[PDB]
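K.L.:
Sharing run.cif here; it has mmCIF, N, CA and C atoms.
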data_entry
loop_
_atom_site.group_PDB
_atom_site.id
_atom_site.type_symbol
_atom_site.label_atom_id
_atom_site.label_comp_id
_atom_site.auth_asym_id
_atom_site.auth_seq_id
_atom_site.Cartn_x
_atom_site.Cartn_y
_atom_site.Cartn_z
ATOM 1 N N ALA A 1 0.850 -1.212 0.000
ATOM 2 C CA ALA A 1 0.000 0.000 0.000
ATOM 3 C C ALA A 1 0.872 1.243 0.000
ATOM 4 N N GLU A 2 0.992 1.859 -1.164
ATOM 5 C CA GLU A 2 1.916 2.966 -1.352
ATOM 6 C C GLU A 2 1.181 4.300 -1.270
ATOM 7 N N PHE A 3 -0.151 4.214 -1.231
ATOM 8 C CA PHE A 3 -1.027 5.379 -1.071
ATOM 9 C C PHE A 3 -0.985 6.296 -2.295
ATOM 10 N N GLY A 4 -1.829 7.318 -2.279
ATOM 11 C CA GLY A 4 -1.867 8.272 -3.372
ATOM 12 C C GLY A 4 -0.961 9.452 -3.105
ATOM 13 N N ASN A 5 -0.555 9.592 -1.852
ATOM 14 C CA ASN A 5 0.348 10.654 -1.437
ATOM 15 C C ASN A 5 1.022 10.274 -0.129
ATOM 16 N N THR A 6 2.205 9.698 -0.237
ATOM 17 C CA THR A 6 2.929 9.218 0.926
ATOM 18 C C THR A 6 3.723 10.346 1.580
ATOM 19 N N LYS A 7 4.161 11.297 0.768
ATOM 20 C CA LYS A 7 4.892 12.455 1.267
ATOM 21 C C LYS A 7 4.527 13.696 0.462
ATOM 22 N N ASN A 8 4.943 13.714 -0.795
ATOM 23 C CA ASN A 8 4.636 14.819 -1.692
ATOM 24 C C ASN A 8 4.634 14.325 -3.128
ATOM 25 N N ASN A 9 3.685 13.461 -3.433
ATOM 26 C CA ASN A 9 3.574 12.883 -4.762
ATOM 27 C C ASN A 9 2.141 12.986 -5.257
ATOM 28 N N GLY A 10 1.890 12.466 -6.447
ATOM 29 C CA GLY A 10 0.577 12.584 -7.039
ATOM 30 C C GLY A 10 0.606 13.450 -8.278
ATOM 31 N N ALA A 11 1.806 13.898 -8.638
ATOM 32 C CA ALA A 11 2.009 14.728 -9.817
ATOM 33 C C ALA A 11 3.490 14.796 -10.179
ATOM 34 N N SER A 12 4.251 13.800 -9.749
ATOM 35 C CA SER A 12 5.679 13.776 -10.011
ATOM 36 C C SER A 12 5.979 13.051 -11.321
ATOM 37 N N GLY A 13 5.061 12.195 -11.741
ATOM 38 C CA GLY A 13 5.247 11.442 -12.962
ATOM 39 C C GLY A 13 5.327 9.956 -12.695
ATOM 40 N N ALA A 14 6.157 9.586 -11.727
ATOM 41 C CA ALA A 14 6.326 8.187 -11.342
ATOM 42 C C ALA A 14 5.049 7.627 -10.728
ATOM 43 N N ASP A 15 4.175 8.522 -10.295
ATOM 44 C CA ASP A 15 2.869 8.137 -9.775
ATOM 45 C C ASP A 15 1.992 7.625 -10.909
ATOM 46 N N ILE A 16 1.967 8.375 -12.004
ATOM 47 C CA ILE A 16 1.229 7.974 -13.196
ATOM 48 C C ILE A 16 1.894 6.762 -13.845
ATOM 49 N N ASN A 17 3.223 6.765 -13.855
ATOM 50 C CA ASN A 17 3.996 5.652 -14.404
ATOM 51 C C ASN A 17 3.742 4.370 -13.613
ATOM 52 N N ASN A 18 3.384 4.523 -12.344
ATOM 53 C CA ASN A 18 3.056 3.382 -11.496
ATOM 54 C C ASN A 18 1.736 2.758 -11.938
ATOM 55 N N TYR A 19 0.801 3.596 -12.374
ATOM 56 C CA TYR A 19 -0.478 3.108 -12.875
ATOM 57 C C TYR A 19 -0.288 2.379 -14.200
ATOM 58 N N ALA A 20 0.703 2.810 -14.968
ATOM 59 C CA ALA A 20 1.079 2.106 -16.185
ATOM 60 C C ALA A 20 1.807 0.813 -15.832
ATOM 61 N N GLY A 21 2.551 0.860 -14.735
ATOM 62 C CA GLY A 21 3.289 -0.295 -14.276
ATOM 63 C C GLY A 21 2.390 -1.400 -13.760
ATOM 64 N N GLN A 22 1.253 -1.031 -13.175
ATOM 65 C CA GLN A 22 0.312 -2.014 -12.637
ATOM 66 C C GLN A 22 -0.184 -2.954 -13.737
ATOM 67 N N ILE A 23 -0.248 -2.446 -14.963
ATOM 68 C CA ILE A 23 -0.633 -3.263 -16.104
ATOM 69 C C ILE A 23 0.530 -4.160 -16.519
ATOM 70 N N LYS A 24 1.742 -3.633 -16.382
ATOM 71 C CA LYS A 24 2.951 -4.374 -16.717
ATOM 72 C C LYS A 24 3.094 -5.615 -15.835
ATOM 73 N N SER A 25 2.895 -5.443 -14.531
ATOM 74 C CA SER A 25 3.001 -6.550 -13.584
ATOM 75 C C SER A 25 1.859 -7.552 -13.771
ATOM 76 N N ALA A 26 0.682 -7.043 -14.131
ATOM 77 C CA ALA A 26 -0.494 -7.884 -14.352
ATOM 78 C C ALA A 26 -0.262 -8.879 -15.483
ATOM 79 N N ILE A 27 0.530 -8.466 -16.461
ATOM 80 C CA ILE A 27 0.791 -9.276 -17.645
ATOM 81 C C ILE A 27 1.611 -10.527 -17.308
ATOM 82 N N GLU A 28 2.494 -10.414 -16.321
ATOM 83 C CA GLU A 28 3.334 -11.539 -15.927
ATOM 84 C C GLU A 28 2.499 -12.674 -15.352
ATOM 85 N N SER A 29 1.495 -12.330 -14.562
ATOM 86 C CA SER A 29 0.627 -13.328 -13.952
ATOM 87 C C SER A 29 -0.345 -13.933 -14.968
ATOM 88 N N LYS A 30 -0.081 -13.707 -16.247
ATOM 89 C CA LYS A 30 -0.888 -14.279 -17.315
ATOM 90 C C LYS A 30 -0.023 -15.173 -18.192
ATOM 91 N N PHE A 31 1.281 -15.129 -17.953
ATOM 92 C CA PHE A 31 2.218 -15.990 -18.657
ATOM 93 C C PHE A 31 3.008 -16.820 -17.651
ATOM 94 N N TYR A 32 3.796 -16.110 -16.850
ATOM 95 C CA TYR A 32 4.681 -16.678 -15.836
ATOM 96 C C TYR A 32 5.697 -15.604 -15.503
ATOM 97 N N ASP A 33 6.857 -16.025 -15.028
ATOM 98 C CA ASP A 33 8.024 -15.156 -15.087
ATOM 99 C C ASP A 33 8.675 -15.365 -16.444
ATOM 100 N N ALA A 34 7.833 -15.824 -17.352
ATOM 101 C CA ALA A 34 8.173 -16.032 -18.743
ATOM 102 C C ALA A 34 8.174 -14.711 -19.478
ATOM 103 N N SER A 35 7.254 -13.842 -19.074
ATOM 104 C CA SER A 35 7.166 -12.509 -19.632
ATOM 105 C C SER A 35 8.404 -11.706 -19.233
ATOM 106 N N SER A 36 9.090 -12.210 -18.212
ATOM 107 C CA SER A 36 10.308 -11.613 -17.704
ATOM 108 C C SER A 36 11.517 -12.023 -18.551
ATOM 109 N N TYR A 37 11.525 -11.581 -19.800
ATOM 110 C CA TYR A 37 12.654 -11.818 -20.691
ATOM 111 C C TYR A 37 13.695 -10.715 -20.498
ATOM 112 N N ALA A 38 14.332 -10.291 -21.592
ATOM 113 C CA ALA A 38 15.231 -9.137 -21.569
ATOM 114 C C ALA A 38 15.744 -8.817 -22.963
ATOM 115 N N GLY A 39 16.162 -7.571 -23.153
ATOM 116 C CA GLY A 39 16.682 -7.133 -24.431
ATOM 117 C C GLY A 39 15.613 -7.039 -25.501
ATOM 118 N N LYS A 40 14.384 -6.737 -25.090
ATOM 119 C CA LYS A 40 13.271 -6.627 -26.029
ATOM 120 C C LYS A 40 12.435 -5.386 -25.738
ATOM 121 N N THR A 41 11.631 -4.988 -26.710
ATOM 122 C CA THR A 41 10.722 -3.867 -26.549
ATOM 123 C C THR A 41 9.397 -4.173 -27.240
ATOM 124 N N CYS A 42 8.295 -3.801 -26.617
ATOM 125 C CA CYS A 42 6.987 -4.038 -27.199
ATOM 126 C C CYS A 42 6.084 -2.828 -27.009
ATOM 127 N N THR A 43 6.285 -1.840 -27.856
ATOM 128 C CA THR A 43 5.460 -0.653 -27.864
ATOM 129 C C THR A 43 4.061 -0.991 -28.380
ATOM 130 N N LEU A 44 3.052 -0.744 -27.562
ATOM 131 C CA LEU A 44 1.687 -1.056 -27.935
ATOM 132 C C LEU A 44 0.869 0.215 -28.090
ATOM 133 N N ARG A 45 0.263 0.376 -29.256
ATOM 134 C CA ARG A 45 -0.604 1.515 -29.519
ATOM 135 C C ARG A 45 -1.981 1.247 -28.926
ATOM 136 N N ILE A 46 -2.149 1.611 -27.664
ATOM 137 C CA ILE A 46 -3.371 1.297 -26.938
ATOM 138 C C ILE A 46 -4.149 2.558 -26.586
ATOM 139 N N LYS A 47 -5.456 2.403 -26.451
ATOM 140 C CA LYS A 47 -6.334 3.494 -26.056
ATOM 141 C C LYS A 47 -7.389 2.970 -25.095
ATOM 142 N N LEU A 48 -7.325 3.404 -23.849
ATOM 143 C CA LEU A 48 -8.239 2.926 -22.837
ATOM 144 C C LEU A 48 -9.419 3.870 -22.681
ATOM 145 N N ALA A 49 -10.609 3.355 -22.944
ATOM 146 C CA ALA A 49 -11.828 4.124 -22.760
ATOM 147 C C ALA A 49 -12.058 4.391 -21.275
ATOM 148 N N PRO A 50 -12.862 5.417 -20.931
ATOM 149 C CA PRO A 50 -13.162 5.763 -19.531
ATOM 150 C C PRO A 50 -13.773 4.598 -18.752
ATOM 151 N N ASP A 51 -14.245 3.593 -19.480
ATOM 152 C CA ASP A 51 -14.863 2.418 -18.877
ATOM 153 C C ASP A 51 -13.820 1.365 -18.518
ATOM 154 N N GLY A 52 -12.560 1.654 -18.814
ATOM 155 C CA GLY A 52 -11.496 0.725 -18.487
ATOM 156 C C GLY A 52 -11.407 -0.422 -19.471
ATOM 157 N N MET A 53 -11.323 -0.090 -20.751
ATOM 158 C CA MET A 53 -11.202 -1.094 -21.800
ATOM 159 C C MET A 53 -10.391 -0.542 -22.962
ATOM 160 N N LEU A 54 -9.545 -1.381 -23.539
ATOM 161 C CA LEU A 54 -8.695 -0.959 -24.643
ATOM 162 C C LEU A 54 -9.427 -1.100 -25.968
ATOM 163 N N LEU A 55 -9.806 0.033 -26.539
ATOM 164 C CA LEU A 55 -10.471 0.051 -27.836
ATOM 165 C C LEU A 55 -9.454 -0.177 -28.941
ATOM 166 N N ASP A 56 -8.273 0.387 -28.755
ATOM 167 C CA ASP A 56 -7.191 0.232 -29.713
ATOM 168 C C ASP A 56 -6.069 -0.585 -29.099
ATOM 169 N N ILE A 57 -5.478 -1.465 -29.893
ATOM 170 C CA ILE A 57 -4.361 -2.280 -29.439
ATOM 171 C C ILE A 57 -3.561 -2.791 -30.638
ATOM 172 N N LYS A 58 -2.386 -2.210 -30.840
ATOM 173 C CA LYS A 58 -1.569 -2.533 -32.000
ATOM 174 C C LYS A 58 -0.090 -2.604 -31.632
ATOM 175 N N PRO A 59 0.574 -3.715 -31.971
ATOM 176 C CA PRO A 59 1.994 -3.906 -31.680
ATOM 177 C C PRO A 59 2.896 -3.123 -32.636
ATOM 178 N N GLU A 60 3.563 -2.104 -32.113
ATOM 179 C CA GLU A 60 4.456 -1.276 -32.912
ATOM 180 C C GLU A 60 5.840 -1.261 -32.292
ATOM 181 N N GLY A 61 6.088 -2.280 -31.490
ATOM 182 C CA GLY A 61 7.342 -2.396 -30.768
ATOM 183 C C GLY A 61 8.482 -2.928 -31.621
ATOM 184 N N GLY A 62 9.439 -3.593 -30.978
ATOM 185 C CA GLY A 62 10.607 -4.085 -31.686
ATOM 186 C C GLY A 62 10.709 -5.599 -31.690
ATOM 187 N N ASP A 63 9.915 -6.256 -30.854
ATOM 188 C CA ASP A 63 9.910 -7.714 -30.808
ATOM 189 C C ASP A 63 8.542 -8.254 -31.198
ATOM 190 N N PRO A 64 8.457 -8.931 -32.352
ATOM 191 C CA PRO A 64 7.187 -9.433 -32.884
ATOM 192 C C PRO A 64 6.602 -10.572 -32.051
ATOM 193 N N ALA A 65 7.464 -11.320 -31.373
ATOM 194 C CA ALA A 65 7.021 -12.430 -30.541
ATOM 195 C C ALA A 65 6.458 -11.926 -29.219
ATOM 196 N N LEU A 66 7.237 -11.089 -28.540
ATOM 197 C CA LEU A 66 6.823 -10.496 -27.273
ATOM 198 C C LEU A 66 5.515 -9.736 -27.446
ATOM 199 N N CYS A 67 5.428 -8.972 -28.526
ATOM 200 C CA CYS A 67 4.253 -8.158 -28.795
ATOM 201 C C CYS A 67 3.042 -9.010 -29.156
ATOM 202 N N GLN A 68 3.262 -10.073 -29.922
ATOM 203 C CA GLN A 68 2.171 -10.955 -30.335
ATOM 204 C C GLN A 68 1.513 -11.608 -29.125
ATOM 205 N N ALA A 69 2.337 -12.018 -28.168
ATOM 206 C CA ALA A 69 1.844 -12.647 -26.952
ATOM 207 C C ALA A 69 1.277 -11.609 -25.988
ATOM 208 N N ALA A 70 1.888 -10.427 -25.973
ATOM 209 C CA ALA A 70 1.473 -9.352 -25.078
ATOM 210 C C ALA A 70 0.017 -8.960 -25.299
ATOM 211 N N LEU A 71 -0.415 -8.961 -26.558
ATOM 212 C CA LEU A 71 -1.787 -8.592 -26.904
ATOM 213 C C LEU A 71 -2.797 -9.442 -26.138
ATOM 214 N N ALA A 72 -2.539 -10.742 -26.072
ATOM 215 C CA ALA A 72 -3.441 -11.668 -25.400
ATOM 216 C C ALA A 72 -3.317 -11.559 -23.884
ATOM 217 N N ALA A 73 -2.082 -11.476 -23.402
ATOM 218 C CA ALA A 73 -1.820 -11.426 -21.968
ATOM 219 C C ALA A 73 -2.363 -10.142 -21.343
ATOM 220 N N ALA A 74 -2.215 -9.028 -22.052
ATOM 221 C CA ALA A 74 -2.684 -7.736 -21.562
ATOM 222 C C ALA A 74 -4.206 -7.697 -21.480
ATOM 223 N N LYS A 75 -4.866 -8.358 -22.422
ATOM 224 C CA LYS A 75 -6.323 -8.408 -22.438
ATOM 225 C C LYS A 75 -6.852 -9.281 -21.304
ATOM 226 N N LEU A 76 -6.012 -10.190 -20.830
ATOM 227 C CA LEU A 76 -6.376 -11.078 -19.736
ATOM 228 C C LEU A 76 -5.959 -10.479 -18.394
ATOM 229 N N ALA A 77 -5.293 -9.332 -18.446
ATOM 230 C CA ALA A 77 -4.819 -8.661 -17.244
ATOM 231 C C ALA A 77 -5.946 -7.885 -16.576
ATOM 232 N N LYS A 78 -5.711 -7.429 -15.356
ATOM 233 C CA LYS A 78 -6.721 -6.686 -14.617
ATOM 234 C C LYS A 78 -6.448 -5.190 -14.680
ATOM 235 N N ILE A 79 -7.255 -4.485 -15.458
ATOM 236 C CA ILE A 79 -7.124 -3.041 -15.595
ATOM 237 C C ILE A 79 -8.404 -2.351 -15.129
ATOM 238 N N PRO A 80 -8.314 -1.536 -14.071
ATOM 239 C CA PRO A 80 -9.481 -0.895 -13.464
ATOM 240 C C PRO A 80 -9.964 0.327 -14.242
ATOM 241 N N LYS A 81 -11.108 0.852 -13.825
ATOM 242 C CA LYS A 81 -11.683 2.043 -14.434
ATOM 243 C C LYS A 81 -10.905 3.283 -14.002
ATOM 244 N N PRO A 82 -10.398 4.067 -14.972
ATOM 245 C CA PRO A 82 -9.593 5.269 -14.700
ATOM 246 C C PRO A 82 -10.293 6.245 -13.754
ATOM 247 N N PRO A 83 -9.723 6.449 -12.559
ATOM 248 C CA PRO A 83 -10.325 7.266 -11.513
ATOM 249 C C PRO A 83 -9.873 8.725 -11.563
ATOM 250 N N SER A 84 -8.646 8.975 -11.115
ATOM 251 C CA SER A 84 -8.091 10.317 -11.077
ATOM 252 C C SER A 84 -8.079 10.938 -12.472
ATOM 253 N N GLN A 85 -8.510 12.193 -12.559
ATOM 254 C CA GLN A 85 -8.628 12.882 -13.842
ATOM 255 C C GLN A 85 -7.287 12.943 -14.569
ATOM 256 N N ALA A 86 -6.202 13.112 -13.819
ATOM 257 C CA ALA A 86 -4.871 13.165 -14.411
ATOM 258 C C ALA A 86 -4.526 11.843 -15.088
ATOM 259 N N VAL A 87 -4.770 10.747 -14.383
ATOM 260 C CA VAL A 87 -4.515 9.419 -14.924
ATOM 261 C C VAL A 87 -5.462 9.127 -16.087
ATOM 262 N N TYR A 88 -6.729 9.475 -15.905
ATOM 263 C CA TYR A 88 -7.748 9.269 -16.928
ATOM 264 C C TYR A 88 -7.411 10.045 -18.205
ATOM 265 N N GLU A 89 -6.938 11.277 -18.043
ATOM 266 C CA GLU A 89 -6.593 12.131 -19.175
ATOM 267 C C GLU A 89 -5.456 11.529 -19.994
ATOM 268 N N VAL A 90 -4.652 10.697 -19.354
ATOM 269 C CA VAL A 90 -3.548 10.039 -20.028
ATOM 270 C C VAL A 90 -3.980 8.678 -20.566
ATOM 271 N N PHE A 91 -4.692 7.922 -19.738
ATOM 272 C CA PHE A 91 -5.093 6.564 -20.059
ATOM 273 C C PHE A 91 -5.959 6.486 -21.310
ATOM 274 N N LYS A 92 -6.727 7.536 -21.566
ATOM 275 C CA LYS A 92 -7.609 7.572 -22.729
ATOM 276 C C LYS A 92 -6.816 7.590 -24.038
ATOM 277 N N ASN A 93 -5.500 7.740 -23.930
ATOM 278 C CA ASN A 93 -4.625 7.696 -25.092
ATOM 279 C C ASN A 93 -3.180 7.509 -24.653
ATOM 280 N N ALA A 94 -2.918 6.408 -23.964
ATOM 281 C CA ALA A 94 -1.586 6.127 -23.460
ATOM 282 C C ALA A 94 -1.004 4.882 -24.110
ATOM 283 N N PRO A 95 -0.314 5.041 -25.246
ATOM 284 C CA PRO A 95 0.370 3.936 -25.893
ATOM 285 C C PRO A 95 1.652 3.599 -25.151
ATOM 286 N N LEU A 96 1.610 2.527 -24.383
ATOM 287 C CA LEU A 96 2.723 2.165 -23.533
ATOM 288 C C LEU A 96 3.519 1.026 -24.137
ATOM 289 N N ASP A 97 4.790 0.972 -23.789
ATOM 290 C CA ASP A 97 5.643 -0.120 -24.205
ATOM 291 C C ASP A 97 5.666 -1.176 -23.113
ATOM 292 N N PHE A 98 5.482 -2.427 -23.488
ATOM 293 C CA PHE A 98 5.527 -3.504 -22.521
ATOM 294 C C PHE A 98 6.719 -4.402 -22.797
ATOM 295 N N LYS A 99 7.776 -4.176 -22.046
ATOM 296 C CA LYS A 99 8.982 -4.973 -22.146
ATOM 297 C C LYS A 99 9.141 -5.777 -20.864
ATOM 298 N N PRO A 100 10.139 -6.692 -20.782
ATOM 299 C CA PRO A 100 10.386 -7.506 -19.583
ATOM 300 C C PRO A 100 10.150 -6.738 -18.287
ATOM 301 N N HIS A 101 9.222 -7.235 -17.491
ATOM 302 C CA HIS A 101 8.783 -6.527 -16.302
ATOM 303 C C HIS A 101 9.603 -6.947 -15.090
ATOM 304 N N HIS A 102 9.639 -6.085 -14.087
ATOM 305 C CA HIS A 102 10.432 -6.332 -12.892
ATOM 306 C C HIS A 102 9.666 -7.217 -11.914
#
Would you mind writing the file out in structure tokens?

P.N.:
Amino acid sequence: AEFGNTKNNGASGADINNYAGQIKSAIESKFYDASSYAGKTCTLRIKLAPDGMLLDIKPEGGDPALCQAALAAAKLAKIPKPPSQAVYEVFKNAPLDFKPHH
């Protein structure tokens, strides 16, 4: 439980990046620590509607295998409804790269 403001955060960037990261970690629990490769990149052209669903999803990354599998794993991941307006304003058009997760 890292909270929404532990000291002076909520607009530093890493807070929003953490919400992007929550999807990254979710993807591993849909493959294994198999998703935990290395030396790869999987830029995904995604668009999350306010209802918490990806209307757009296109692999534009650098690894065709990682990206091909990522499409299915990400759809099986748990992504909540965008709450905070700042996060929502980004999530509605946040094409994120999904590479080997920590």

K.L.:
From the options A:97, A:63, A:56, A:51, which residue's atoms come nearest to residue 81 of chain A, counting all atoms listed in the file?

P.N.:
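Checking each candidate against residue 81 of chain A, we get A:51 as the closest.
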
K.L.:
From the options A:66, A:19, A:8, A:24, which residue's atoms come nearest to residue 82 of chain A, counting only C-alpha atoms?

P.N.:
A:19

K.L.:
(8.4, -11.7, -19.7) in this file's frame - what residues fall within 9 Å of it? Use only C-alpha atoms and give the answer as a count of residues only.

P.N.:
15

K.L.:
Using the chain letters and numbers from this document, which residues of chain A does DSSP assign to strand (DSSP E), as a list in words?

P.N.:
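For chain A, the strand (DSSP E) set is residues 44, 45, 46, 47, 48, 49, 53, 54, 55, 56, 57, 58 and 59 of chain A.
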
K.L.:
Given only C-alpha atoms as the basis, pick out the residue of A:70, A:86, A:26, A:48 nearest to residue 11 of chain A.

P.N.:
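Closest to residue 11 of chain A of all the choices is A:86.
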
K.L.:
Record the distance separating atom CA of residue 85 of chain A and atom CA of residue 98 of chain A, expressed in Å with one decimal.

P.N.:
23.3 Å

K.L.:
Figure out the distance between atom N of residue 22 of chain A and atom C of residue 42 of chain A, please, to one decimal in Å.

P.N.:
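Between atom C of residue 42 of chain A and atom N of residue 22 of chain A the gap works out to 14.8 Å.
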
K.L.:
Measuring atom to atom with only C-alpha atoms, identify which of A:75, A:69, A:61, A:47 is nearest to residue 91 of chain A.

P.N.:
A:47

K.L.:
What is the distance, in Å and to one decimal place, between atom C of residue 14 of chain A and atom N of residue 89 of chain A?

P.N.:
14.5 Å

K.L.:
Mind checking DSSP for chain A and telling me the helix (DSSP H, G or I) residues as a ChimeraX atom specification?

P.N.:
/A:14-28,64-75,85-91

K.L.:
Rank nothing, just name the residue among A:16, A:44, A:87, A:49 nearest to residue 67 of chain A, using only N, CA and C atoms.

P.N.:
A:44

K.L.:
So, counting all atoms listed in the file, which residue among A:64, A:39, A:4, A:80 is closest to residue 52 of chain A?

P.N.:
A:80
